[PDB]
Amino acid sequence: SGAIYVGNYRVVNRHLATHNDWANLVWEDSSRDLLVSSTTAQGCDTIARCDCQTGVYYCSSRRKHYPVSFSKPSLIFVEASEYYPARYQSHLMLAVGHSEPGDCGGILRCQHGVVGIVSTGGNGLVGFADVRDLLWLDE
Ligand SMILES: NC(=O)[C@H]1CCCN(C(=O)[C@H]2CSc3ccccc32)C1
Ligand SMILES: [Zn+2]
């Protein structure tokens, strides 16, 4: 679990969105596993606007932050699950690091701010849904 709170927006994994997230929907994209909903209170986070490929993510299944080298956002095949049929997930960045399904929502951060959130993983990998291209989050 986990979310990004920026301005009057809450960014979560679309597969983990609540009834409240859907009732206050701003934008969603099943192909990115992303959902953005509106909040009344101002958010704590700021978004990186960069091309960093190194960062630090929070892994709740270890209660630890880990440094990672991650790929550029891309279309990656994701095997079927309870949440989605087998498909290509876009704007996904892969890295070697520990992750378990409950780790989705953990923030990936670089020196510039929030890069994205944990969305995929398994077998020593961790996939992050990029948010750096979502410029409208800052306005
Ligand atoms: N974005 C999706 O389609 C995901 C929906 C939940 C299941 N997905 C996974 O990759 C799991 C497998 S082991 C793991 C480890 C960290 C995170 C997720 C996962 C796919
Ligand atoms: Zn950066």
# chains A, B, ... in the order shown; residues from 1 in each chain; ligands from 1
>>> closest_atom_pairs(of="chain A", to="ligand 2", cutoff="8 Å", atoms="only C-alpha atoms and all ligand atoms", output="Markdown table")
| residue | atom | partner | partner_atom_place_in_ligand_line | distance |
| --- | --- | --- | --- | --- |
| A:48 | CA | ligand 2 | 1 (Zn) | 5.6 |
| A:49 | CA | ligand 2 | 1 (Zn) | 6.6 |
| A:50 | CA | ligand 2 | 1 (Zn) | 4.6 |
| A:51 | CA | ligand 2 | 1 (Zn) | 6.0 |
| A:52 | CA | ligand 2 | 1 (Zn) | 4.3 |
| A:53 | CA | ligand 2 | 1 (Zn) | 7.6 |
| A:54 | CA | ligand 2 | 1 (Zn) | 7.9 |
| A:55 | CA | ligand 2 | 1 (Zn) | 7.8 |
| A:109 | CA | ligand 2 | 1 (Zn) | 7.7 |
| A:110 | CA | ligand 2 | 1 (Zn) | 4.8 |
| A:111 | CA | ligand 2 | 1 (Zn) | 5.3 |
| A:112 | CA | ligand 2 | 1 (Zn) | 4.3 |
| A:113 | CA | ligand 2 | 1 (Zn) | 6.6 |
| A:115 | CA | ligand 2 | 1 (Zn) | 7.2 |
>>> residues_near_ligand(ligand="ligand 1", cutoff="9 Å", atoms="only C-alpha atoms and all ligand atoms", output="PyMOL selection string")
chain A and resi 13-16+30-34+78-89+92+98-105+118-129
>>> select_by_dssp(residues="chain A", states="strand (DSSP E)", output="PyMOL selection string")
chain A and resi 4-6+9-13+25-29+34-38+54-59+64-69+74-78+87-96+107-110+113-122+125-130
>>> residues_around(residues="residue 138 (chain A)", least_positions_apart="2", cutoff="9 Å", atoms="only C-alpha atoms", output="list in words")
residues 6, 7, 46, 47, 134, 135 and 136 of chain A
>>> write_last_selection(atoms="C-alpha atoms", output="mmCIF file, in the first residue's frame")
data_model
loop_
_atom_site.group_PDB
_atom_site.id
_atom_site.type_symbol
_atom_site.label_atom_id
_atom_site.label_comp_id
_atom_site.auth_asym_id
_atom_site.auth_seq_id
_atom_site.Cartn_x
_atom_site.Cartn_y
_atom_site.Cartn_z
ATOM 1 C CA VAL A 6 0.694 16.282 -4.473
ATOM 2 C CA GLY A 7 -1.362 19.489 -4.456
ATOM 3 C CA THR A 46 6.684 17.082 -4.791
ATOM 4 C CA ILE A 47 7.259 15.382 -8.225
ATOM 5 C CA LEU A 134 2.239 13.799 -15.533
ATOM 6 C CA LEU A 135 2.892 17.562 -15.616
ATOM 7 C CA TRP A 136 -0.740 18.466 -14.686
#
>>> residues_around(residues="residue 26 (chain A)", least_positions_apart="5", cutoff="7 Å", atoms="only C-alpha atoms", output="PyMOL selection string")
chain A and resi 36-38
>>> write_last_selection(atoms="N, CA and C atoms", output="mmCIF file, in the first residue's frame")
data_model
loop_
_atom_site.group_PDB
_atom_site.id
_atom_site.type_symbol
_atom_site.label_atom_id
_atom_site.label_comp_id
_atom_site.auth_asym_id
_atom_site.auth_seq_id
_atom_site.Cartn_x
_atom_site.Cartn_y
_atom_site.Cartn_z
ATOM 1 N N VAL A 36 -5.676 8.615 -10.236
ATOM 2 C CA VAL A 36 -5.495 9.863 -9.529
ATOM 3 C C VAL A 36 -6.872 10.339 -9.075
ATOM 4 N N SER A 37 -6.993 10.664 -7.806
ATOM 5 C CA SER A 37 -8.240 11.179 -7.246
ATOM 6 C C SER A 37 -8.004 12.532 -6.549
ATOM 7 N N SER A 38 -9.072 13.315 -6.330
ATOM 8 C CA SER A 38 -8.929 14.625 -5.696
ATOM 9 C C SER A 38 -9.016 14.582 -4.172
#
>>> closest_residue(among="A:25, A:42, A:74, A:35", to="residue 12 (chain A)", atoms="only C-alpha atoms")
A:35
>>> atom_distance(atom1="CA of residue 137 (chain A)", atom2="CA of residue 44 (chain A)")
12.9 Å
>>> select_by_dssp(residues="chain A", states="alpha helix (DSSP H)", output="VMD selection string")
chain A and resid 19 to 23
